[PDB]
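Report on the structure given below.
Protein chains in written order, with the deposited numbering: chain B, 7 to 333; chain A, 6 to 333.
Okay, here's the thing in structure tokens:
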């Protein structure tokens, strides 16, 4: 039926009774998580039970992500102020723009991208993990503003955010991902999330890693490595859960999901060349940036269980950038 | 399941953005949107969160306080309550495990959908980030009841309590009543429900560990409960604050609808609390004090939404021992 705006939406459903029983095995098996309720009105909803782990990997990932909790306030970013001032004008402008673009991807993952993975999650503990990951992705996004607050003028921050809104290719990149989060196929959401965490930010992460390899912006680099410590697990876990859902799908669906994955990757790679090629046009490390992009694209594919797409020659990251990845 | 070929990107259905790069003028910035709003505004430009452009100072204050209050159940020495737990009666232990499993169900719901559905129609981008912290901390709350069970309970006791919760019709009616409102397209109905969850629905359960602490029992568990209460008091205040920020931009028609809806939801949830917690606490002499405490917190939920109190001082007189237990 229809509903008056003052009435409760649950009045459209059959009420549960007032019976109390100790649920038997069938009643427990038919119970569902709260995020599934909207598809199954009248089903019984089950609280999370951390003393009944279904996949031991979930407990390990939960414990590790929580133990890695950090805040940008704990990094002495203000000790980068002399280094920041020693950069060129172009270096400072490029940093603010790159980091504002990274903010846009992490904002997207925090506020919808990671959350849209909950309703079709394989386990209730995995659902709780996505709530931690989304909060930490809000921390990642917030931390780029922490950098700007320490180093930048209001005018610099203002122009960088206007540049981001006004950058058509950046808009194409983020909206490409956001559309897949709406997919009716839960595994396409997981593929997109794995791409965000294991690929889409790395052309940007190249810049602070480059600064660190040159001895600059050293404290900022520590924070970037805290972000990377999170994202490496985020992307591994997204891809692991994709593979656990994939093994239950039909052969035809597996073929289509692999084709879709390569279509998504190829589209996002071409967009990265367009976007970061233009951003880095006044820098002589163009070729190394895309070796590094392809290097991380292979990791994203491996996280999904697919073979590497790019060759050793196409993924040869300079040894100074790889050294800057570790503390 | 749509008719788009499964290998195609869903963005292929939309006109792509161009290849222009401009410094967005004020009109372009005003029309930009948060990522969570993109779903029903395809083609709009999406904007990254700017913590150096705070729209509502209250958002920065709430964010900073909630993050400062981060805690984990592993830091509470719950195992020091094992002697106190074993000094209780079997009925007290069974009642506690069941009550906490019912609290787990409400926090599980809020963590995994209830708080997260507040993001898409949030007033500010910083508020959206705050909801991600709140949802995570609600997962911590739900997790923390399992931490209690792992410390105090046998495998059989935990298993039976989860079966009790799934099989408790009234508990199911309570949770699904809230879950249904989170499906409304009216963001303020979502906000009212979240305010009720954080400021009312768990308090008949919280009464029990406060009662034990007032009798000198389960003292370390009480500390953890106070950590949970320290979060929920802000969660409920903030949900109600944001409701009022949205409410003041609504028509007189919608204001009248939302006030009646609020009282309908409260009245329904209250009656269900009487049925649910009245049955659970039937064997205890504090039964009537529980509902003074329920009505006391119902008044706080209403006050958080900006509405007048419903219950009188005589209907909300919580015993001084329970109120003292709320403090360290």
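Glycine residues also receive a C-beta, built at the ideal position from the N, C-alpha and C atoms.
Got a sec: is the Cβ-Cβ distance from residue 114/A to anything in chain B below 7 Å?
yes
Since residue 110/B meets chain A, which of its residues come closer than 7 Å, beta carbon to beta carbon?
51 and 53
Can you give the beta carbon distance from residue 131/A to residue 60/A, rounded, assuming they're within the 8 Å contact cut?
7 Å
Coarse secondary structure for residue 148/A, derived from DSSP in three states
helix
What residues of chain A sit near residue 180/B, judged by a beta carbon separation below 8 Å?
40 and 51
Would the beta-carbon of residue 117/A fall within 7 Å of that of residue 73/B?
no
Candidates 263/A, 270/A, 288/A and 65/A: closest to residue 129/A by CA position
65/A
Please decide whether residue 265/A counts as near chain B, where near means a Cβ-Cβ distance under 7 Å.
yes
Show which residues of chain A have a CB atom less than 7 Å away from the CB atom of residue 56/B.
148 and 151
Unbroken stretches of the alpha helix (DSSP H), 4 residues or longer, contained in the stretch 249-327 of chain A
257-285 and 292-310
Taking any Cβ of chain A, which residues in the stretch 254-284 of chain B have a Cβ under 7 Å from it, in chain order?
262, 265, 266, 269, 270 and 273
For residue 278/B, which residues of its own chain have a beta-carbon under 7 Å away from its beta-carbon, when the five flanking residues on both sides are left out?
209 and 299
Under 7 Å from the C-beta of residue 123/B: neighbouring residues of chain A:
Correct list: empty, because the minimum Cβ distance to chain A is about 11 Å.
Going along the chain, which residues of the stretch 219-240 of chain B sit with their C-beta nearer than 8 Å to a C-beta in chain A?
none
Is the stretch 92-110 of chain A touching the stretch 92-108 of chain B, taking contact as three or more C-beta pairs under 8 Å?
no
When the cut-off is 7 Å and only beta carbons count, does residue 210/A lie next to chain B?
no
Residues within the stretch 188-200 of chain B neighbouring chain A, beta-carbon criterion of under 9 Å
188, 189, 190, 191 and 194
Can you give me the C-alpha to C-alpha distance between residue 319/B and residue 267/B, rounded to a whole angstrom?
23 Å
Helix, strand or coil, according to DSSP, for residue 124/B in the structure here?
coil
Indicate the three-state DSSP secondary structure (helix, strand or coil) for residue 74/A in the structure shown.
coil
Residues that residue 177/A contacts on chain B, provided the C-beta gap is smaller than 8 Å:
22, 50 and 51
Mind checking if residue 84/A is an interface residue toward chain B, Cβ cutoff 7 Å exclusive?
no
Among 54/B, 258/B, 212/B and 58/B, which one has its Cα closest to the Cα of residue 159/A?
58/B
Taking contact to mean at least 3 C-beta pairs separated by less than 8 Å, is the stretch 192-204 of chain B in contact with the stretch 26-38 of chain B?
no
Could you list which residues in chain B have their beta carbon closer than 7 Å to that of residue 61/A, in chain order?
Within 7 Å Cβ-Cβ: nothing; residue 61/A doesn't reach chain B, min ~16 Å.
Helix, strand or coil for residue 54/A per DSSP?
coil
The alpha helix (DSSP H) enclosing residue 43/B, as first and last residue numbers:
Run containing residue 43/B: none; DSSP gives neither H nor E here.
Does the distance from the C-beta atom of residue 106/B to that of residue 170/B stay below 7 Å?
yes
Contact check, residue 309/B vs residue 219/B under 8 Å by CB: the rounded distance?
That pair is no contact at about 25 Å.
So with CB distances below 7 Å, who are the chain B contacts of residue 28/A?
165, 168, 169 and 172
Check the Cβ-Cβ distances between residue 138/A and every residue of chain B, and say whether any is below 7 Å.
yes
Closer than 9 Å at the beta carbon, the chain B residues around residue 155/A:
56 and 57
With the cut-off set at 7 Å, would you say residue 15/B and residue 186/A are in Cβ contact?
yes
Can you give me the C-alpha to C-alpha distance between residue 71/B and residue 134/A, rounded to a whole angstrom?
18 Å
Among the residues of its own chain, which have a CB less than 6 Å from the CB of residue 166/A, if the five just before and after it don't count?
102, 103 and 106
When you compare the stretch 224-239 of chain B with the stretch 138-154 of chain B, are there three or more beta-carbon pairs, one atom per stretch, that lie closer than 8 Å?
yes
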